[PDB]
Amino acid sequence: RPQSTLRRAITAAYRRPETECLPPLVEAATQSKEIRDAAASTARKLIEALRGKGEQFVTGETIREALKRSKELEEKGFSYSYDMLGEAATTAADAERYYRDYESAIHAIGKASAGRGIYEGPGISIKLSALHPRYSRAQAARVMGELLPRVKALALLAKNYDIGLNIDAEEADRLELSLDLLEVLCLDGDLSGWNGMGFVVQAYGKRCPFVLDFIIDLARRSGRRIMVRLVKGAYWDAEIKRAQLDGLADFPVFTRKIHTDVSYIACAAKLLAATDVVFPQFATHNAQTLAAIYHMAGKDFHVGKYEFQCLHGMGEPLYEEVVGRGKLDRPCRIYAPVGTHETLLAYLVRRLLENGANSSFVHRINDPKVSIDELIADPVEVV
Amino acid sequence: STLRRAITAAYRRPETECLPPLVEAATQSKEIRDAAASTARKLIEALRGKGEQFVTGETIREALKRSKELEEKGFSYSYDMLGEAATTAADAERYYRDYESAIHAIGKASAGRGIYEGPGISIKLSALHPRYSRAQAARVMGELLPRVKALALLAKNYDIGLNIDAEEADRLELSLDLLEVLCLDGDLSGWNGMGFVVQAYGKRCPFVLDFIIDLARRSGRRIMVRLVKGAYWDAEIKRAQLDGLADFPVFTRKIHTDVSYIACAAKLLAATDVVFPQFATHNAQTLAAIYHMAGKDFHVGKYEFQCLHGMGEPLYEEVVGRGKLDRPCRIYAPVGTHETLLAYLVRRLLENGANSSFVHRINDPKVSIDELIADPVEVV
Ligand SMILES: Cc1cc2nc3c(=O)[nH]c(=O)nc-3n(C[C@H](O)[C@H](O)[C@H](O)COP(=O)(O)OP(=O)(O)OC[C@H]3O[C@@H](n4cnc5c(N)ncnc54)[C@H](O)[C@@H]3O)c2cc1C
Ligand SMILES: Cc1cc2nc3c(=O)[nH]c(=O)nc-3n(C[C@H](O)[C@H](O)[C@H](O)COP(=O)(O)OP(=O)(O)OC[C@H]3O[C@@H](n4cnc5c(N)ncnc54)[C@H](O)[C@@H]3O)c2cc1C
């Protein structure tokens, strides 16, 4: 079977015991004392800068409005990825509506990009659940045969304007389908010459390093430089609840928060060693995570090597201390939702759980009981 | 029983079938409609001149100290030690200890004020059993019953209210069976503090109320009944869609929940001899309707309003006190850390951010006062 070894490794990791997943990640995430000392200084600076000085999550109601509101931050060195809000389509008519939303957005974003390309100019992010009715329930063969022509058509428009098109990561049980779709698109000759295809991998998932191995190898055999957004993950609370009801003895996600942090750093090390064939995009609002990757990546940098990413309404204060020659001189792409209350609910719940959780960096930075010492501590050394 | 059969039969009764009996009961006379429109306009005009926000204190001692100001203004309290959906035996044990310690503190603070003038407590059954939603009902009740009875006995000892909050629709039957056992338990005789929430967004609501009113009358317990719309609507919809069902256990149009609430309020106001109705709402039109439906006769203990801490103060400052409507309001007061706050806080966000919610529409420039005072019966 093609890629038998890489695919078997993903499947074997799906619900592997958490204690067995961690040792290789801890080793891969271990950095030198010299690097850890330098990163602690950077993280302290970022946090000292930070601790001083629903509509909040949405950039605009239409793509035209969102694009207009993006000019100020683009002038400062930020880029954008626009998300037409909407997911989990329940009818064919809803899936067709979302498809048309994305199509119209690509034309508008492509015009605004004006030839800036996939790294300096804006792109789009899509959710597969918006494009197939009952995405979570229908057999993969039926989902594939109807979804693939739709995603290909959107990818062709993005190619035509030379903008990025990212497939967002959703629930753990749709990782396999989405990855199979990524493979088919990356091997499709009609998309040749365009490196804008992107894909998210969630470091809270046990399969993350093995999915990355598959994607890096896919980049090598397809000739596409795949954009890879490394995230921790947005669905943790729902995944725990679903696994409990499913009767599982071992879950598809980690259950200790610092294990996700270690997983993220280990996976960043793998991505940073493969920048010839992937474009790593480090999505995080955690200043300690950011500092660790900034130092892991070393002194040599150019635009197009890698970037950081943040969510609209959450990451701007931190990344104002990152973008720009006087700061860390590293770019950041803002994930920019577009829509109204009618399409905001699912995304907003995930933001509430992210912002309100006692374990989240964005909560802890405002917690008087959490010292700066603890905020800059390297989680890898805790394990 | 016949009353319990009506509850089970209504579980997923088609929505269009549920409405005609509610529309009739929620229909008010023109004089009452006109008075309610006048009161509601006055309340809304005062309003339009106006997660730490949702927590009264980290501990029960802190929350009690902060309650003195509003208690002398005419408010009362129901304290909620945050916590729900226990996943382990250790978690359910910890929540039990929190509820137990809260009852001792609240009961000592009550100092003989009784169940209407003095503070009470609210509990969630899902906090007290480690597999509350995922285990067999008869077994869940058989382990939950001694725990809830022990808490009820403490509440009786101090003569305070103890309310069972309502949670997911698939747990209504279990919790109702628990209420019946407690109300027939001779060890709790002479105490009228047992309370129970019924959710008007549920199709079973009027039949649950019939069962509870009859249970109160035959048991001699003046059951405190908190009538709410409901806090879990988005979750019930998502579960019912995944379940492949065509008919859900909740209404799908917000106006139907509003009509259901008014119809159920009418049923409760006709039964104040045997139940203590507690009208929990932040909607000034809903409040004004119930205020006039209740009539001119009032005494402390007949009924009360209720609100959530951090949400209801602007409205109820126009209600409590002799310069206002002279009706009491009990504040639901969450107590706990940010850790235990998360699920409650999310529900507060689905409630406050929803375009259909009164608390959002009150600030929405596109929504007229004329629309806010519309009578749901006349709009459905
Ligand atoms: C631009 C951008 C795009 C994103 N796209 C996606 C996407 O397509 N799909 C997606 O799923 N996520 C996505 N995310 C990630 C998600 O939305 C959160 O923003 C992210 O997980 C928060 O991580 P952090 O490093 O900012 O914060 P931190 O506070 O460091 O980490 C918080 C994270 O830890 C994890 N976590 C919390 N508790 C536990 C626990 N007990 N055990 C194990 N893990 C735990 C969760 O992943 C949580 O979000 C994206 C994030 C950004 C910034
Ligand atoms: C003191 C207090 C205690 C409470 N205790 C509980 C409890 O134990 N259990 C519980 O479940 N709830 C409880 N609630 C209710 C819940 O938390 C909300 O506060 C309440 O439902 C809001 O109703 P309202 O009259 O203030 O607002 P409104 O804006 O008038 O009504 C909003 C409500 O309408 C309903 N709704 C919204 N959209 C739709 C729709 N499309 N179709 C059908 N219905 C819809 C929902 O129930 C929503 O909450 C309590 C409320 C208070 C004030």
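Computed from the coordinates by the stated procedures, all read-outs in this text should not be read as laboratory data. Don't worry about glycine lacking a Cβ; one is built from the backbone with ideal geometry, like all the others, and counts go over all protein chains shown.
This model, with +1 at the C-beta of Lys and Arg and -1 at the C-beta of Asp and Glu, gives the protein assembly as shown a dipole about its Cα centre of some 240 debye. Hydrodynamic analysis of segment A:94-186 uses the Kirkwood radius over alpha carbon pairs. Inserted into Stokes-Einstein at 25 °C and 0.890 mPa s, it gives a translational diffusion coefficient of 180 µm²/s.
The simple Förster model, with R0 at 56 Å and r as the Cβ-Cβ distance, assigns A:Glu27 and B:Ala89 a FRET efficiency of 0.95.
In what sequence do A:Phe301, B:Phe276 fall when counting other Cβ within 10 Å, fewest first? The partial results should precede the final answer.
Numbers: A:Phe301 14, B:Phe276 23.
Ascending Cβ contact count within 10 Å gives the list A:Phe301, B:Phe276.
Each of B:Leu350, B:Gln136, A:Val349 was placed along the dipole of the protein assembly as shown (beta-carbon charges, centred on the mean Cα), and the one lying farthest toward the positive end is B:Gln136. For the pair A:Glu171 and A:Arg97, label points projected 7 Å from Cα toward Cβ lie 2.1 nm apart.
For segment B:155-194, the list of GluC sites (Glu not before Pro) that fall in a loop by DSSP and count at most 10 other C-beta atoms within 10 angstrom is empty.
For segment B:167-177, backbone phi angles converted through the Karplus equation (6.51, -1.76, 1.60; θ = phi - 60°) give residue-by-residue couplings of 10, 6, 4, 6, 10, 4, 4, 4, 5, 5, 4 Hz, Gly and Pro being listed as x.
Within 10 Å of each candidate Cβ there may be at most 14 other Cβ atoms; applying that plus a DSSP loop requirement, which GluC sites (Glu not before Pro) in segment A:295-381 survive?
Details: sites: A:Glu307, A:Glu320, A:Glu321, A:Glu342, A:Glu354, A:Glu374, A:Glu381; in loops: A:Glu320, A:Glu321.
Within segment A:295-381, no GluC sites (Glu not before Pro) qualify (loop, at most 14 other Cβ atoms within 10 Å).
GluC sites (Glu not before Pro), restricted to segment B:261-360: which are DSSP loop and have at most 12 other Cβ atoms within 10 Å? List each step's numbers first, then the result.
Details: sites: B:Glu304, B:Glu317, B:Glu318, B:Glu339, B:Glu351; in loops: B:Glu317, B:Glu318.
For GluC sites (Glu not before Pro) across segment B:261-360 that sit outside H, G, I, E and B with at most 12 neighbouring Cβ atoms in 10 Å, the list is empty.
Based on alpha carbons, the Rg and Dmax found for segment A:244-383 are 16.7, 53 Å.
Can you compute the charge dipole magnitude of segment B:2-378 about its Cα centre, using +1 on each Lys and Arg Cβ and -1 on each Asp and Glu Cβ, nothing else charged? Give it in debye, rounded to the nearest 20.
Numbers: 50 positive and 51 negative charges, 66 e Å.
So the magnitude is around 320 debye.
Among the listed pairs B:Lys229/B:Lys366; B:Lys30/B:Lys73; B:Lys156/B:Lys302; B:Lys73/B:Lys238; A:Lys53/B:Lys50, those with a Cα-Cα distance over 31 Å are B:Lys30/B:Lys73; B:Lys73/B:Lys238. Relative contact order for segment A:142-278: 26 percent, from Cα pairs under 8 Å spaced at least 6 residues apart, divided by residue count. Cβ crowding within 10 Å ranks B:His256, B:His338, B:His104 as B:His104, B:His338, B:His256, fewest other Cβ atoms first. Does segment A:1-54 come out rounded, prolate or oblate by the C-alpha gyration tensor, with a ≥ b ≥ c the root eigenvalues, rounded set by a/c under 1.5 and, if not, prolate when a/b is larger than b/c and oblate if not? Taking the square roots of the gyration eigenvalues as a ≥ b ≥ c, segment A:1-54 is prolate. With the simple model of a label 7 Å out from the Cα in the direction of the Cβ, B:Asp34 to A:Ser192 spans 8.2 nm. Each 10 Å bin from zero holds the following percent of Cα-Cα pairs in segment B:200-325: 12, 39, 33, 14, 2, 0. Hey, if you put +1 on the Cβ of every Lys and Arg and -1 on every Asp and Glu Cβ in segment B:2-378, which of B:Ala102, B:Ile223, B:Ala37 ends up farthest toward the positive end of that dipole? Sorting the options by dipole projection puts first B:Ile223.
Taking the DSSP bridge list for the protein assembly as shown and keeping only pairs wholly inside it, about 5 percent are antiparallel.
Projecting the Cα atoms of A:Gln202, A:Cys186, A:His285 onto the dipole axis of segment A:5-381, where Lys and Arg carry +1 and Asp and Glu carry -1 at the beta carbon, places A:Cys186 farthest toward the positive end.
Over chain A, DSSP H runs of length four or greater, each weighted -39,500 (n - 2.57), average out per residue to a 222 nm ellipticity of -15500 deg cm²/dmol. Debye-formula intensities of segment A:206-267, expressed as log10 I(q)/I(0) at q = 0.12, 0.23, 0.28 Å⁻¹, are -0.39, -0.98, -1.19 (one equal scatterer per alpha-carbon, no solvent). With both labels modelled 7 Å from their Cα along Cα-to-Cβ, the B:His360 to B:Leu145 distance reads 4.3 nm. For the protein assembly as shown, the percent of C-alpha pairs falling in each 20 Å distance bin, counted from 0 to the bin holding the largest distance, reads 15, 44, 32, 9, 0.
The Rg/Rh ratio of chain B, with both radii computed over alpha carbons and Rh defined as the Kirkwood radius, is 0.93. Computed from the C-beta positions of A:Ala273 and B:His104, the FRET efficiency with R₀ = 60 Å rounds to 0.50. A straight Cα-to-Cα reach below 23 Å connects B:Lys149 with the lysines B:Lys108, B:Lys124, residues fewer than 8 places away in its own chain not being considered.
How many percent of DSSP beta bridges within chain A run antiparallel, rounded to 5? Can you show the working numbers first?
Numbers: 1 of 34 bridges.
Antiparallel bridges make up about 5 percent of those DSSP assigns within chain A.
What is the calculated FRET efficiency for A:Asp329 to A:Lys68, with r their C-beta to C-beta distance and R₀ = 22 Å, to the nearest 0.05? Once rounded, the FRET efficiency stands at 0.20.
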